[PDB]
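One structure is given below, encoded as C-alpha cells.
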Amino acid sequence: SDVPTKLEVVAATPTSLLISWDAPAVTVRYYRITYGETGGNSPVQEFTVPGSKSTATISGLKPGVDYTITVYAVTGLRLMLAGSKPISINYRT
Amino acid sequence: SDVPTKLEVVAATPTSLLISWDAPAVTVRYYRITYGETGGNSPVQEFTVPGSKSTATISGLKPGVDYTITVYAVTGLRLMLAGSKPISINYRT
Amino acid sequence: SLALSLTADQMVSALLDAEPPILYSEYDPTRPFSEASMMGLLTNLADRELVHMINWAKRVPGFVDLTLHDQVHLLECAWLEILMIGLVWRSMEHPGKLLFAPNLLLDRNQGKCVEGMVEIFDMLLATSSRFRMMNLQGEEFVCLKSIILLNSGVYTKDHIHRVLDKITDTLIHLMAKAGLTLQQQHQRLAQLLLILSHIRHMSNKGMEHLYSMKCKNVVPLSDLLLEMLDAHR
Amino acid sequence: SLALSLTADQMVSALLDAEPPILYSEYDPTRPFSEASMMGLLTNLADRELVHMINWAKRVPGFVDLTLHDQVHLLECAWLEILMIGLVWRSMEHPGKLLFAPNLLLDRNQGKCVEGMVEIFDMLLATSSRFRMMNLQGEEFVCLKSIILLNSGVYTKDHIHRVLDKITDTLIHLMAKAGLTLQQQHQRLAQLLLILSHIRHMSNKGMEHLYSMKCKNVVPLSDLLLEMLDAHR
Ligand SMILES: C[C@]12CC[C@@H]3c4ccc(O)cc4CC[C@H]3[C@@H]1CC[C@@H]2O
Ligand SMILES: C[C@]12CC[C@@H]3c4ccc(O)cc4CC[C@H]3[C@@H]1CC[C@@H]2O
C-alpha cells in the first residue's frame with residue numbers, strides 16, 4: 001500500500017487504548033491520531049506520533065464510552081492530496 | 001498663504017519659458033512642474049524642482065504653441081490633502 | 001462534470017457536510033504565556049488544521065476534478081486565508097475576542113505578547129465584527145470559504161471559473177430565499193466579496209509575520225506548515 | 001450629503017472627469033538597463049503618479065467629506081493598489097507587456113532585470129489579460145478604482161459604506177444598460193469584485209519588494225513615496 005492500513009485496537013483498559021496500524025511503504029514525516037466520542041459531535045482530541053512508530057496509546061477516555069479513532073499520515077501536500085481517505089475505527093472503552 | 005501662488009511667466013524664447021511663483025510659508029520638500037500643449041489632450045511632461053527654489057525653466061517647447069503650466073508643491077500627504085487646488089496658467093510660446 | 005448539475009440546495013448541503021472537525025488547542029495553564037509558548041500554541045493549531053484542510057478541500061465540489069498540480073497550487077495559495085476566514089467565522093459571537101479554539105479564547109492584549117501579532121489581531125477582530133454585524137449565515141459562510149479556496153492566485157483554467165460562478169449563483173439563491181429585494185441582493189453580494197479583499201490582506205500580513213518568526217527562530221514549525229510557508233517565497 | 005443624490009449617469013460622469021493626467025516616464029535610451037536604473041525609473045514614475053493620485057482622490061464623490069484622518073488612511077492603504085489597477089487598465093490592449101507609461105512598454109523579460117520583479121510582473125500581466133478577456137469597459141474601470149480607494153483597510157465608518165453601495169448600484173446600472181440578464185449581471189459583478197482580491201495581493205507583494213529595495217539601498221526614493229511605504233510597517 002501507500003497509506004496506513006489495518007488500524008485496530010490491540011489492548012484496552014477502562015481508560016486507555018493501545019492501537020496499531022500497518023504503516024505505508026513510504027517516508028512518513030509523522031502521524032496524527034484523532035479520537036472523539038462516537039456521534040457525540042463535540043470537538044475531537046488529536047495528538048502526534050513520530051513516523052518511525054506505528055502504534056500509539058490513547059489515555060483519559062471515559063470508561064464504557066464509544067470512541068471514533070482516525071489515524072492521519074502526514075507526508076507532503078502532494079501525496080496527501082493524491083492519497084486516499086484516512087482509515088478510521090470505532091471502539092467502546 | 002500656505003500653498004504656492006502668483007505663478008507667472010517671467011521671460012520667454014520661442015522654445016523656453018522661465019517661470020516664477022510666490023512660495024508658500026512652509027517647508028516645501030520640492031515642487032513638480034507640469035506642462036502640456038493646451039487642450040491638445042496628450043500626456044504632459046513633468047519635472048522636479050528643489051523646494052528652496054521658486055523659479056524654473058522649461059525648454060524644448062514647440063514655438064508659437066499654447067502650453068498649460070501647473071506647479072505642484074510637494075509637502076506631505078496630510079498637507080497636500082488639506083491643501084488647495086494647485087495654481088496653473090496658460091502661455092503661448 | 002457533476003458539480004454543475006447540483007441545484008443550490010444540493011450545492012449548499014454538500015459544502016455544509018464537508019466541514020472540517022473542530023479541534024482543541026494544546027493549551028496548558030501550568031505553563032505561563034510567553035511569546036515562545038503562545039506562538040508555539042497558535043502554530044501547532046495551524047499545523048493541525050492544515051491536515052484537515054486538505055481533506056476538506058477534496059470534498060469541495062469540482063475541486064478534485066482539477067489537475068493535482070492545481071489542487072496543490074490553490075492550497076499553497078489559500079491556506080492562511082482559509083484558516084483566517086474560519087477563525088473570523090468562529091469568533092462572530094464574541095465581540096472583543098478571537099476564538100482560535102474551544103479552549104483558546106484570546107482577546108486583544110493577549111496578542112501583544114508576541115511582537116507583530118497585535119496589528120493582525122486588530123484586523124481579525126474588525127473583520128469578525130463586520131460579519132456579525134451583517135448577520136452572516138452559516139450557508140453564506142461555506143460559500144465564502146470555497147470562493148476563497150477557488151479564487152486564490154492568478155491565471156497562467158475556465159473550469160475553476162465556472163464552479164465559482166456556480167457558487168455565486170448559490171450565494172444569490174440564498175439571499176433570494178431569505179427575503180431580499182434585487183437591489184439589496186446585489187448590494188449584499190458585493191459587501192461579502194469586498195470583505196474577501198481584507199482577508200487576502202490579513203493573510204499576506206500574517207504570512208510575513210509567520211515567516212519572520214521562523215527566522216528569529218522563536219518557535220519551531222512542523223514539516224507541513226513549513227512547506228505551506230516556503231511555498232510563498 | 002451630495003454624492004448620494006447623483007444618478008448613475010451623473011456618478012459615472014463625475015469619476016470619468018476626475019481622471020488623473022497621463023505621464024511620461026524619465027526613460028532615456030543613452031543609458032542602458034541596469035537593475036539600479038530601471039528601479040529608479042519605475043520608482044520615479046510612482047512618485048510622480050502619487051502627486052496626482054492625491055488630487056484625483058479628492059474629486060472622487062464623497063471622499064472629501066470624510067475626516068482628513070480617514071482621507072489620509074485610505075490613501076496610505078490604497079496607493080499601490082490604485083497604481084496597479086491603473087497599470088493593468090492601461091495594459092489591456094497589449095497582450096504580453098505592461099504599459100507603465102506612453103514611453104515605457106515593458107514586457108516580461110525586461111522585468112527579470114530586477115530580482116523579485118518578475119514574479120509580480122507575471123501577476124500584473126495575468127490580471128491585465130483577465131480584464132481584456134472580459135472586455136472591461138472604461139466606465140466599469142473608474143468604479144473599480146474608486147472601490148479600491150474606498151475599500152482599503154479595516155473597520156475600527158458607515159459613510160464610507162454607503163458611498164460604496166452607491167458605486168455598486170452604478171456598476172450594476174452599467175451592466176443593465178449594456179444588455180445583460182439578471183443572472184449574467186450578478187455573475188459579472190462577482191467576477192470583478194473577485195479580481196480586487198488579486199490586486200490586494202499584488203499590492204502586498206510589491207510593497208514588500210519595494211521595501212526590500214529601499215534597504216538593499218539599490219535606488220533612492222522620494223520623500224512622498226518614502227512616506228507611503230513607511231505608512232505600512
Ligand atoms: C500564522 C499565525 C499563527 C497561526 C494563526 C492561526 C492558527 C489557527 C487558526 O485556525 C487560524 C489562525 C489565524 C492566525 C494565524 C496567525 C497569524 C500570524 C501567525 O504567524
Ligand atoms: C512599486 C514598484 C515600483 C513602482 C511600480 C509602478 C510604478 C508606476 C505605476 O503607475 C504602477 C506601478 C505598479 C508596479 C510598481 C512596482 C511593483 C514593485 C516595485 O517596487
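Scheme for the C-alpha cells: letters A, B, ... for chains in order shown; per-chain residue numbers from 1; ligand numbers from 1 in order shown.
The environment of range 45-54 of chain B within 6 Å, counting only C-alpha atoms and disregarding residues fewer than 6 places along the same chain, consists of residues 20, 21, 28, 29, 30, 31, 32, 33, 34 and 35 of chain B.
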How would the residues just picked look written out with N, CA and C atoms as a compact mmCIF listing (two decimals), in the first residue's frame?
```txt
# COMPACT_ATOMS: atom_id res chain seq x y z
N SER B 20 8.06 81.84 -12.51
CA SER B 20 8.26 82.02 -11.08
C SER B 20 6.93 82.01 -10.37
N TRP B 21 7.00 81.72 -9.08
CA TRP B 21 5.82 81.80 -8.23
C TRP B 21 6.23 82.25 -6.83
N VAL B 28 8.87 73.27 2.01
CA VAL B 28 8.41 72.51 0.85
C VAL B 28 9.49 71.52 0.44
N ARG B 29 9.18 70.23 0.48
CA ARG B 29 10.18 69.21 0.15
C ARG B 29 10.74 69.46 -1.25
N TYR B 30 9.85 69.59 -2.23
CA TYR B 30 10.23 70.05 -3.55
C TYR B 30 8.95 70.35 -4.31
N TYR B 31 9.09 70.90 -5.51
CA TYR B 31 7.96 71.18 -6.38
C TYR B 31 7.93 70.25 -7.59
N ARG B 32 6.77 70.12 -8.20
CA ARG B 32 6.68 69.49 -9.51
C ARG B 32 6.09 70.51 -10.45
N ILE B 33 6.68 70.62 -11.63
CA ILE B 33 6.15 71.47 -12.68
C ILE B 33 5.62 70.56 -13.76
N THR B 34 4.41 70.80 -14.22
CA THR B 34 3.92 70.06 -15.37
C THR B 34 3.51 71.02 -16.45
N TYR B 35 3.78 70.64 -17.69
CA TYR B 35 3.37 71.44 -18.82
C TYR B 35 2.91 70.56 -19.96
```
Check: which chain B residues lie within 7 Å of chain D using only C-alpha atoms, as a PyMOL selection string:
chain B and resi 43-45+76-78+81
Transformed chain A, reference chain B, in-order C-alpha pairing, as a compact mmCIF listing (two decimals) with C-alpha atoms, in the first residue's frame:
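Output contents, as saved in out.txt:
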```txt
# COMPACT_ATOMS: atom_id res chain seq x y z
CA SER A 1 -0.59 81.86 2.21
CA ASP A 2 0.13 78.14 2.66
CA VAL A 3 0.35 76.91 -0.92
CA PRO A 4 2.19 78.42 -3.93
CA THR A 5 0.70 81.50 -5.52
CA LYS A 6 1.34 84.24 -8.10
CA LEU A 7 2.58 81.83 -10.79
CA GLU A 8 3.64 83.58 -13.94
CA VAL A 9 5.93 83.65 -16.93
CA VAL A 10 8.94 85.91 -16.40
CA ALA A 11 10.74 85.53 -19.71
CA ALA A 12 10.28 83.57 -22.89
CA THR A 13 12.07 82.47 -26.02
CA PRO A 14 10.45 80.67 -28.95
CA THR A 15 11.39 77.39 -27.20
CA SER A 16 11.91 78.14 -23.48
CA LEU A 17 9.94 79.59 -20.61
CA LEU A 18 11.24 80.90 -17.36
CA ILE A 19 8.57 80.93 -14.68
CA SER A 20 8.26 82.02 -11.08
CA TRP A 21 5.82 81.80 -8.23
CA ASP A 22 5.46 83.09 -4.68
CA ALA A 23 6.37 80.20 -2.42
CA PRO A 24 4.14 79.11 0.45
CA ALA A 25 5.16 79.91 4.02
CA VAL A 26 6.26 76.35 4.73
CA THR A 27 8.98 73.74 4.39
CA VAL A 28 8.41 72.51 0.85
CA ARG A 29 10.18 69.21 0.15
CA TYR A 30 10.23 70.05 -3.55
CA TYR A 31 7.96 71.18 -6.38
CA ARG A 32 6.68 69.49 -9.51
CA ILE A 33 6.15 71.47 -12.68
CA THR A 34 3.92 70.06 -15.37
CA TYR A 35 3.37 71.44 -18.82
CA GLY A 36 1.46 70.37 -21.88
CA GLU A 37 0.06 71.88 -25.01
CA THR A 38 -3.27 73.44 -24.03
CA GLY A 39 -6.33 71.35 -24.86
CA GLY A 40 -4.09 69.16 -27.03
CA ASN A 41 -5.07 66.36 -24.64
CA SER A 42 -1.77 64.40 -24.89
CA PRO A 43 0.37 63.22 -21.95
CA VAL A 44 2.05 66.09 -20.10
CA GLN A 45 5.67 66.49 -19.18
CA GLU A 46 6.78 66.90 -15.63
CA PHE A 47 9.95 67.69 -13.83
CA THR A 48 11.13 68.39 -10.33
CA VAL A 49 12.49 71.48 -8.69
CA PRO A 50 14.19 71.71 -5.20
CA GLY A 51 11.93 73.33 -2.57
CA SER A 52 14.34 76.13 -1.75
CA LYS A 53 13.89 77.32 -5.33
CA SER A 54 10.82 79.20 -6.59
CA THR A 55 11.57 79.51 -10.29
CA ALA A 56 12.19 77.05 -13.13
CA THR A 57 12.99 76.94 -16.80
CA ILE A 58 11.05 74.85 -19.21
CA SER A 59 12.72 74.02 -22.52
CA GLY A 60 12.15 72.24 -25.83
CA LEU A 61 8.69 73.67 -26.42
CA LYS A 62 7.21 73.97 -29.92
CA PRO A 63 7.41 77.65 -30.93
CA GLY A 64 4.08 79.52 -31.18
CA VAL A 65 2.11 76.82 -29.30
CA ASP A 66 -0.08 77.36 -26.20
CA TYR A 67 1.01 75.44 -23.10
CA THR A 68 -0.65 74.85 -19.78
CA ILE A 69 1.76 75.05 -16.85
CA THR A 70 0.96 73.85 -13.32
CA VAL A 71 3.16 73.96 -10.25
CA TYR A 72 2.73 71.32 -7.56
CA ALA A 73 4.03 71.82 -4.07
CA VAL A 74 5.17 68.50 -2.60
CA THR A 75 4.89 68.58 1.17
CA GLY A 76 3.36 65.64 3.00
CA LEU A 77 0.28 63.51 2.47
CA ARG A 78 -1.70 65.37 5.13
CA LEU A 79 -0.92 68.98 4.00
CA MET A 80 -1.33 68.03 0.35
CA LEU A 81 -4.78 66.64 1.11
CA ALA A 82 -5.77 69.60 3.30
CA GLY A 83 -4.27 71.95 0.71
CA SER A 84 -5.98 73.80 -2.10
CA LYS A 85 -6.24 73.12 -5.84
CA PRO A 86 -2.86 73.84 -7.48
CA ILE A 87 -2.40 77.09 -9.38
CA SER A 88 -1.99 76.86 -13.16
CA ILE A 89 -1.57 79.16 -16.17
CA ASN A 90 -1.59 79.20 -19.93
CA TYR A 91 1.17 80.66 -22.03
CA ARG A 92 1.74 80.54 -25.76
CA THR A 93 5.33 80.20 -26.82
```
Residues of chain C were defined as contacting chain D if any atom lay at most 6 Å from it, counting only C-alpha atoms; please report them as a ChimeraX atom specification.
/C:126,155,197
Please extract the residues of chain A with a backbone DSSP assignment of helix (DSSP H, G or I) and present them as number ranges by chain.
A: 77-82
